[PDB]
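What follows is each chain in one-letter form.
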There are 4 protein chains.
Amino acid sequence: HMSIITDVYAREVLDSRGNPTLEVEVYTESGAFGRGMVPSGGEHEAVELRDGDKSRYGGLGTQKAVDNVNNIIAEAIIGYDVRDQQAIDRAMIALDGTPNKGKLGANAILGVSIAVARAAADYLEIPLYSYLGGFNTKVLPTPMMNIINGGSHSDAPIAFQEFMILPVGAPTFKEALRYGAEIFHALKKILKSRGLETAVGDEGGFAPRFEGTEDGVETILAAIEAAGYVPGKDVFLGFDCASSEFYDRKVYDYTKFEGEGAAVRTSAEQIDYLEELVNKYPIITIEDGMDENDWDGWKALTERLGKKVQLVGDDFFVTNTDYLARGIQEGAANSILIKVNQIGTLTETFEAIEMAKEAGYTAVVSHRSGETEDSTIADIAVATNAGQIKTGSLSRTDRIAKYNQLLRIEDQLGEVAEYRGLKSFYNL
Amino acid sequence: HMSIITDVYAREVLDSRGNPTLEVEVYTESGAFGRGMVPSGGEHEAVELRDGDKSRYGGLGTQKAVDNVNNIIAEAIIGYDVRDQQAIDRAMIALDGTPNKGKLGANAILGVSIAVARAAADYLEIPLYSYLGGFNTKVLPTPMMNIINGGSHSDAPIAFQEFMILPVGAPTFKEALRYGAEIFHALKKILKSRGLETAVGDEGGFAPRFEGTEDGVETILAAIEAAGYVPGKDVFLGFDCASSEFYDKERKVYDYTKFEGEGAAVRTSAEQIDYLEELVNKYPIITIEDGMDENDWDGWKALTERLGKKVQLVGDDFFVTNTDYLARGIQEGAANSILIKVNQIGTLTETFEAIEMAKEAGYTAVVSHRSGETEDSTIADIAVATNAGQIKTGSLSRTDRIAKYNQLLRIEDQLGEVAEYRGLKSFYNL
Amino acid sequence: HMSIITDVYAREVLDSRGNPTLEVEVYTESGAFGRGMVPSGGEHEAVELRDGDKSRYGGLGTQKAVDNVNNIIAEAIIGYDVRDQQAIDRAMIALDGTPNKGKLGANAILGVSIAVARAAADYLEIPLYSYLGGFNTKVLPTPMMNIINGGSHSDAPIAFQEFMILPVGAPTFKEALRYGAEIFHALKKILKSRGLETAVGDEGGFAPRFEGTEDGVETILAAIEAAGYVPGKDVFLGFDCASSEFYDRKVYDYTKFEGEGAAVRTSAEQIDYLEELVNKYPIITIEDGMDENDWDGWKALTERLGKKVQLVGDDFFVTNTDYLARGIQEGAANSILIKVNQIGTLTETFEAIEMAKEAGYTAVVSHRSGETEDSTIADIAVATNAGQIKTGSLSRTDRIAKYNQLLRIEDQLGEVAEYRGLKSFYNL
Amino acid sequence: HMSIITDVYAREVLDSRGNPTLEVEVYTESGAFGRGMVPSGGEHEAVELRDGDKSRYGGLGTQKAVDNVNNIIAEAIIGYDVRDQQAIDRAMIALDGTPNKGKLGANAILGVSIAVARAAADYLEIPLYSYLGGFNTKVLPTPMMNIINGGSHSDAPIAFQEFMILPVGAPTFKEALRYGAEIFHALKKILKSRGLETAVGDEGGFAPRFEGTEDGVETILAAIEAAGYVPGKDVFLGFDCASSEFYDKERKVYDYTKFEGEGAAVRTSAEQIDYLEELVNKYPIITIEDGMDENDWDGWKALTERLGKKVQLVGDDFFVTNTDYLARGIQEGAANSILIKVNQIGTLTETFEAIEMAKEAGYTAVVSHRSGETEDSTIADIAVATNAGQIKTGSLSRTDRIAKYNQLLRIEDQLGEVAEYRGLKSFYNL
Ligand SMILES: [Mg+2]
Ligand SMILES: [Mg+2]
Ligand SMILES: [Mg+2]
Ligand SMILES: [Mg+2]
């Protein structure tokens, strides 16, 4: 048959940080074709396989993973119908035979998973989002756009890692994207006028030497306004606190990043602080506000702020349905960051999204620090009507490629497309 | 017939700086498809059309250009055979009817030009580089990789704009890429150890606050050596002086005080050549772009007389991908290389004519990125299609740059044993 | 796949002189078809394989070469994609395993090389020139048309071998061809009026019993004018001195062909003479003005005349990139005669052309003395925008077939076609 | 439908003498393709159309004929099934509406006729000879190969125009070709050893300054023997006397002084027959073309009465590929063979009718080249298609001639064990 996979081929390529990753190409007998590139990527998440050959790319080569694709996975999957995504994904999971995908490499597996899906869409002559999600695909995601960085991502005295804008008030994704771009550019103008640095970090945002968190937040609010948008109507704020990076015993220790005199907060006090911020600023989402293991803290945070703020588990959940299931049961968080490569197959990715939806949690499809020209996550967000996406700032094609794909998908959907904005926060 | 173009469609999208650009999609009756994305783009080069609507994207929208594609060019080109690239390019040129492509927009035109070629390669089921260049495509380009920035792209006291590494000594493109990546990463470590900034500029390189040019150069040499490579054997240096940015027209001088502070040198054309020669004798420099001002024709000739035998001398602003300027340079013995910017001329046909004119004069043609890039990697295919031998498409971070390097890896892989990375032998001009 | 070569078949056929050559037919699985005929053809050039069976065709049969195609090359190449020209060419080079292609025969190899390319063009349904050169093919070559012959090609007291006209001033190839035809016919009228012979030699030109070189040259100038063209504007002259045929010690000895009292010139004096001719007559190109081994002579000639006369290496370079590379380095010549069968593959042919272009040398694609009905060289000249061609006089279909193909290619290119005339001499 | 002609296109090209001719290209809806090139071409034969523009090609341009194809015939034939050769030929004949094809041009007509047939063979995916002649095609023709020329084609004192060798004794066409080639080459050596000219005429043969007919004939016999062949067993001779060129209408004599000098014979018709008989008795001559004048009907009959049993007697100018002339010749017992010139009649249909009329009378039909030829080899396919058994297509040099021999090699090769080269048995007229 014409839909039968005839070839599966991987090669080593580079990511947005100049570190190796891999891509896989799948062909069907009919000549349908898919390419799947893998982004960069706990003891309970999928492991990427790196070579450890320090004569090449500082040990970060992916040739072993590539060899696993070409010499092990290829022979197992050639012969399947390209459309049998779940069976293929499951076959790979069983072939690796380890929970963490560490034998074959989560990178090897995911590359194939994606390439197969793209080859199947190509075979059926339909867009990837339709192939993945069926006919009722229509929701363009509300983007959370990383504009300013702190913590491990800065030398400024700021504990939180990501500061985002969310153009919830736009009528369309196309407009939402323009809002973000204009705010980003306004911000850059502001930074220069203050003699602050406008070179960018890994996700296309700035890490300027602000005096502190409030400075950073207020500067963002200033850019929103200068661009002609209304904070708390057109545009909200989001944080990735990545609170695990300053958690140590039983305390969130801000001195790690905010200098000798910074606060050292108990879990009760951390919740207090996040609440202060939320009350002071138009913050609609907080990722990793509590530590990856502070389960009681997560529940309390969620008790106090979960009704009117999105609380996203990133390191708390590591795209792991066992972790998400427990969070759902315990009343911890109300949203999950979905990293395809943290789990390693499209099937498991979609299972996570669906588990989250069924619990009333939002599923926020996410980029990684090391990205590629692939835009599959855009198609995933629309395929599942997830309603939100986290794929970077407004510079760097590693980020902009995803926004561009969303523009295409919106364009292609025509009058059927829906950008729900605030209404995508069904968790609130 | 199945090769006939049935639709031509443009939309506004964003570039790597978050500024609008456009893309075009071409379809044939058979269902072959091509997408052409256009990068960001004086008085004798192609002009991109911007909306000037200060209510959107700070006046940088491309909806007028998109409308020109959809409402004027589409009409004109639908019905051509997708393979008639030259006829289509020429048709667009005549339809605009102005030298600079300013009625339709060079952006509108180039987007169609690229999308058509990509749709044709898709129709024929061959790689773009084969479509564009025929069967004898084999040369992987030696990349000049922008690692450190100065001048208008830094707040460090450094006049020159781009400092590049050229991994000429690698056996393959795949190796050459690794050499660059490893040097880039070693440099980043060095910068951190010195408390210098490692965030990146438009092209994915660093703009650290070095004490001066020699500091910057010596830091690159240190990174090369820390990565285990030998400067002047494995890796050479390249500059983009962008000397037009510090040339005083009126006093006919290269005034370094513009970027290097109050006490910096103010050089006559003779002294500028002297200085470039000093650098070339002190450091393993194999290429200098815009070493003299865009209008300093006598200076270009003198520079070329003094250094042209041993150093590549690339006209960027000197030539602006303009064959009338290139023809004059060839005739006067000015420069020995040209930076080829597809969107500075506006069609693939004219791009390839420029490359061929350069080759025939013994000049190298260095296919180049723009500051505002996209996920498109067509320039990779152009470099290989013409066996040009060199490419200039950024540092070793940012997918706007890396996408091109990744495509070069694919092309190399696809060519197998036929691929040739010529390294230093690509400098046929020297 | 449909593009896969399924058959490669050679047979012995005849050339324009009635001597054996060969042709090869290539078929793809889809039924695409190409036929490659080989023209007739130093210790450092490709060797054609002849049978040496003096019971057939005076030892000039090509059945061994044909057997090499059918029984060795066929089995090696069947299975390749027809479009993999370089790999196929390289495969053949390795299969022969000798520098000079003397095991299989350069004739066997080239026949396959050409037939494959023609089958690939046929497969893709595009013209050969497009297949070979990609999309940017447009330059119709300025032809150098051999009108009068001397030296080894005549019994007249004339040392130089070929005298050519170059209709540089025509607006189009179609016009250029007419200029040449009309001049040729005018010349024939002139020859008859003088009781001179108008039967033709191997390339379709005349070898009349002129009194000397000046007589021959002036007779040509007379024909140019009688046809209504202006020498030195519409039409220039070209020589093939083939100076190797009268070089012996350290002198160009004209007595070999021009009788007992002819000049015996040192290399300095030969340069002097060529300069005299160049100053006296509208000569734009001189092939083999110095001997194949007179390297210092070639450099001096090139120093003295290279700025405003094309200096073509034929025996100097024998389509050998090692020889061309050295000439480029030494400042010897500024043009190369490209004989496909002197090197033996299309790939190496195109590499030579590209090496020449990059040095600022013109590449003049050439016929051989023994030609066939094949017109591939026409397509090669346009494919590479080489700008010039050398393919004979204005009689004999072995020559006219190439001119006819150029008319077709010009016709097919429509308004894109460019005949650059003098501007094709980018070396000057 | 897929077999429908969708385009018919002509262009001006050149013949083997460097004079304009034309070609036509035919396409069907399926993409099947044929190209028909036309060779160079009294009052009862088809007339080629020439422009008469003395500013181009000495008045020999074919642009009017090309325009007739493109602007008149194309219109009329587009829409026919490509396989309807007769209907198309007849349609062209009616569209011209003159006996001689002088309105459209026989050249315009024949180019379309050939191109259509070639496009049809391409459509059906069969060889042209099979398309034209059906399944029972097998006879490779015995070639009459013009080696030496006299009369109007020489300045030697020789009245007869063509002297030919016929390799009748070879087992195959491939061998027959070799025999000719080797004899041709041995002759060239002989000519050089005697200081005679070896440059060639229009048909690739020699026109040396021999002392007379017997010298020329004996030199050919010497070449045959030097090549190791036996005259009158392996190889016979043929003449084209072209006797019309030396026939004095008014004194009703064959006047040899026209070419053989002041003292040459002046023969009555009875004496001409006597002379031809002398030659035939002295030399291994198997065929004589135009032995009598084009209008010497009684002379043709008498010649045929005297020599027709043992010698082939070919009407060229006597018949001008005209079935009214052939019919009269058959009826009066004049000649026993006809030279078939496709362009002297102008369509493939009429060509094949002539061949068939000849066969049915016991006359051989010898398919012939013209002085101005092209790279086309259709006449080879015609010879085999009709099992005609003989061909006249030149000497053993010049691709205008050799292309036909090469095609015959291909056809022979393609037929395999079915091919038959009948040699002397092709002379069914004797
Ligand atoms: Mg996080
Ligand atoms: Mg520059
Ligand atoms: Mg020569
Ligand atoms: Mg005759």
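Residues numbered from 1 in each chain as written, not as in the entry; some residues may be left out. Chains lettered and ligands numbered in written order. Part of a larger assembly, values for the part shown. Heavy atoms only, no water.

For this coordinate set, the PDB header names X-ray crystallography as the determination method and states a resolution of 2.10 Å.

1. Details of the overall build of chain A
Each helix and strand counted, chain A has 14 helices and 16 strands in total. Relative to the compact-globule value of 22 Å for 428 residues, chain A shows a C-alpha radius of gyration of 21 Å, a close match. Over its C-alpha atoms, taken along the principal directions, chain A stretches across nearly 65 × 50 × 45 Å. Burial status across chain A gives 64% buried among its 428 residues. Summing over all exposed atoms, chain A offers an accessible surface of approximately 14900 Å²; the carbon and sulfur share of this is 47%. Treating the 41 positive side-chain charges of chain A as one cloud and the 66 negative ones as another, the clouds have centres 3 Å apart. (Helix = DSSP H or I, 4+ residues; strand = E, 2+ residues; numbered from the N terminus. Rg over C-alpha atoms; globule rule 2.2 N^0.38 Å. Buried < 20%, exposed > 50% of the residue type's maximum accessible area, 1.4 Å probe, protein only. Areas by Shrake-Rupley, 256 points an atom, 1.4 Å probe, with all protein chains shown as cover. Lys, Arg positive; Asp, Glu negative; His and termini not counted. Charge placed at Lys NZ, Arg CZ, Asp CG, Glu CD.)

2. Notes on the overall build of chain B
What chain B contains, in helices and strands, is 14 helices and 17 strands. Relative to its length of 430 residues, chain B is compact, with a C-alpha radius of gyration of 21 Å against a globular reference of 22 Å. Along the first, second and third principal axes, the C-alpha set of chain B runs to 65 × 50 × 45 Å. Looking at the 430 residues of chain B, the share that counts as buried comes to 67%. Of the roughly 13900 Å² of accessible surface on chain B, a fraction of 46% belongs to carbon and sulfur atoms.

3. What to know about the UniProt feature "binding site: (2R)-2-phosphoglycerate" in chain B
Residues and elements named next belong to chain B. Per the UniProt record, the feature "binding site: (2R)-2-phosphoglycerate" sits at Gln161, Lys341, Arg370, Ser371 and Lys392. Structurally, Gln161 is set in the loop between β6 (145-149) and β7 (162-166). Apart from the residues lying within four places of it in its own chain, the contact partners of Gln161 are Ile148, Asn149, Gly150, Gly151, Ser152, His153, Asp240, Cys241, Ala242 and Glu245. Residue position: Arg370 is located in the loop between β15 (364-368) and α13 (378-385). What makes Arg370 buried here is its relative accessible area of 13%. A polar contact of 2.9 Å, which involves the side chain of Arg370, links it to the side chain of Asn343. (UniProt positions renumbered as here; feature names shortened; annotations may be inferred. Contact = heavy atoms within 4.5 Å. Polar contact = N/O pair within 3.5 Å; in protein donor to acceptor, adjacent residues only side chain to side chain.)

4. Here we look at the coordination of the magnesium ion (ligand 1)
Around the magnesium ion (ligand 1), the donor atoms from the protein are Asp240 of chain A (OD), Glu287 of chain A (OE) and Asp314 of chain A (OD), and they sit 2.1 to 2.2 Å away. No difference in accessibility class separates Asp240 of chain A from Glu287 of chain A, as the two residues are buried. (Donors = N, O, S within 2.8 Å, 3.2 Å for Na, K, Ca; no water.)

5. Some words on the domain arrangement of chain A
Residues and elements named next belong to chain A. Here the domain parsing of chain A yields domain 1 (4-125) and domain 2 (126-428). If you average the C-alpha positions of domain 1 and of domain 2, the two centres end up 27 Å apart. Contacts between the two partners involve 31 residues from domain 1 and, on the opposite side, 30 residues from domain 2. Taking both sides of the interface into account, the surface hidden between domain 1 and domain 2 amounts to around 2600 Å²; carbon and sulfur atoms contribute 54%. Between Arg118 and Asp374 there is a salt bridge, with its nearest N and O atoms 3.9 Å apart. (Domains from an automatic or database assignment. Buried area = accessible area lost by both parts, 1.4 Å probe. Salt bridge = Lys/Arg side-chain N within 4 Å of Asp/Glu carboxyl O.)

6. Describing the coordination of the magnesium ion (ligand 2)
All names here are of chain B. In the first shell of the magnesium ion (ligand 2), the protein supplies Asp240 (OD), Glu289 (OE) and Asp316 (OD), at 2.0 to 2.1 Å from the metal. Mapped onto the sequence, the residues coordinating the magnesium ion (ligand 2) show the spacing D-x48-E-x26-D. Taken together, the residues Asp240 in strand β8 (residues 236-240) and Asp316 in the loop between β13 (312-315) and α10 (323-332) connect sequence positions 76 residues apart. The same class applies to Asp240 as to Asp316, namely buried.

7. Considerations on the packing of aromatic side chains
For the structure shown, the criterion picks out 72 aromatic pairs over all chains. Centroid distance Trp297 of chain B to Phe318 of chain B: 4.4 Å. Interplanar angle 50 degrees. Geometry classified as tilted. Of the two residues, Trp297 of chain B sits in helix α9 (residues 297-307) while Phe318 of chain B sits in the loop between β13 and α10, which places them 21 residues apart along the sequence. Pair check on accessibility: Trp297 of chain B and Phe318 of chain B agree, each one buried. Three or more aromatic residues joined by ring pairs form one cluster here, namely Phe160, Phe163, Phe239, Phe246, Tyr247, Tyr252, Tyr254, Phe257 and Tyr273 of chain A. Above the ring of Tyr256 of chain B, the side-chain terminus of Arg267 of chain B is found at 4.6 Å from the ring centroid. Sitting over the ring of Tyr254 of chain C, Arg265 of chain C keeps its end group 4.5 Å from the ring centre. (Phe/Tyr/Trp six-rings, centres within 6.5 Å; stacked < 30°, edge-to-face > 60°. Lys NZ or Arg CZ within 6 Å of the ring centre and 35° of its normal.)

8. Comments concerning the UniProt feature "active site" in chain A
All names here are of chain A. UniProt's entry tags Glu203 and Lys339 with the feature "active site", counted in the numbering of this structure. Mapping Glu203 onto the fold places it in the loop between α5 (173-193) and α6 (213-226). Once you skip the residues sitting within four places of it in the chain, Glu203 turns out to touch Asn146, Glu162, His367, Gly392, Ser393, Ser395, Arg396 and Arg399. Mapped onto the elements, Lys339 comes out in the loop between β13 (335-338) and α11 (340-343). Apart from the residues lying within four places of it in its own chain, the contact partners of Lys339 are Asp314, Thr319, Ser366, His367 and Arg368. There is a polar contact of 2.9 Å between the side chain of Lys339 and the side chain of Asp314.

9. Re helix α1 (residues 63-77) of chain D
Residues and elements named next belong to chain D. Spanning 15 residues, α1 covers 20 Å between terminal C-alpha atoms, matching the ideal 21 Å at 1.5 Å per step. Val69 marks where α1 bends most, by close to 35 degrees. Those residues of α1 that are buried lie in contact with β1 (5-14), β2 (20-28), α2 (85-96) and α3 (106-124). Trailing α1 by a residue or two, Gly79 shows a phi angle of about 105 degrees, which is positive. (Expected span 1.5 Å × (residues − 1). Bend = angle between axes of the 7 residues up to and from the residue.)

10. Overview of empty space enclosed by the protein
Quantified by volume, the largest cavity comes out at close to 390 Å³. In terms of lining, the largest cavity is formed by 22 residues, of which the most central are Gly133, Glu356 and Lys359 of chain B together with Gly133 and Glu354 of chain C. Elements with a contribution of two residues or more to the lining of the largest cavity: α4 (128-133) and α12 (348-360) of chain B together with α4 (128-133) and α12 (346-358) of chain C. (1 Å grid on protein atoms, 1.4 Å probe; cavity = no way out; pocket = protein on both sides within 12 Å on 5 of 7 lines; lining within 4 Å. Points joined across faces, edges and corners; volume = space filled by probe spheres on them.)

11. Remarks on the nonpolar core
Nonpolar side chains tend toward joint burial in soluble globular proteins. Grouped together as the largest cluster of nonpolar side chains are 520 residues, with contacts concentrated most on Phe160 of chain A, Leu132 and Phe160 of chain B, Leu132 and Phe160 of chain C together with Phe160 of chain D. Those residues in contact with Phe160 of chain A, other than ones at most four positions away along the chain, are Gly150, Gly151, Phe239, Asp240, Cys241, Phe246, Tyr254, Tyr273, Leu274 and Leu277 of chain A. (Core = buried A, V, L, I, M, F, W, Y, C linked by side-chain atoms within 4.5 Å.)

12. Re the environment of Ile165 of chain B
All names here are of chain B. In this fold, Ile165 is placed in strand β7. Judged by relative accessible area, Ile165 falls into the buried class, the value being 1%. Residues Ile165 and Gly238, spaced 73 residues apart in sequence, show a C-alpha to C-alpha distance of 6.1 Å. Setting aside its immediate chain neighbours within four residues, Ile165 contacts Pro143, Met144, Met145, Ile147, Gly180, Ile183, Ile220, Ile224, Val235, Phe236 and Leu237.

13. Considerations on the interface of chain C and chain B
On the chain B side, the residues contacting the 29 residues of chain C number 30 residues. Carbon and sulfur atoms make up 50% of the surface buried where chain C meets chain B, a total of about 2500 Å² over both sides. Among the residues chain C hides against chain B, the three largest losses belong to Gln86, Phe135 and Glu358 of chain C. Together they make up 32% of the total. At the surface where chain C touches chain B, the tally comes to five salt bridges. In this structure, the salt-bridge partner of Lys138 of chain C is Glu353 of chain B, at a minimum N-O distance of 2.7 Å. Between chain C and chain B we count 15 residue pairs in polar contact in total. Residue assignment for the side of chain C that touches chain B shows that the elements contributing at least two residues are α2 (85-96), α4 and α12 of chain C. For the side of chain C that touches chain B, the leading source of residues is α12 of chain C, giving seven residues. Residues that form the side of chain C that touches chain B fall into these classes: 10 nonpolar, nine polar and 10 charged. (Nonpolar A, V, L, I, M, F, W, Y, C, P; charged D, E, K, R; others polar.)

14. Details of the pattern of salt bridges
All names here are of chain B. Counted according to the given criterion, the structure contains 131 salt bridges over all chains. Where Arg306 meets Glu277, a salt bridge forms, and the shortest distance between an N and an O atom there is 3.1 Å. Separated by 29 residues along the polypeptide, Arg306 in helix α9 and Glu277 in helix α8 (residues 269-282) bring together distant segments of the chain. Overall, the relative accessible area of 33% leaves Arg306 in the partly exposed class.

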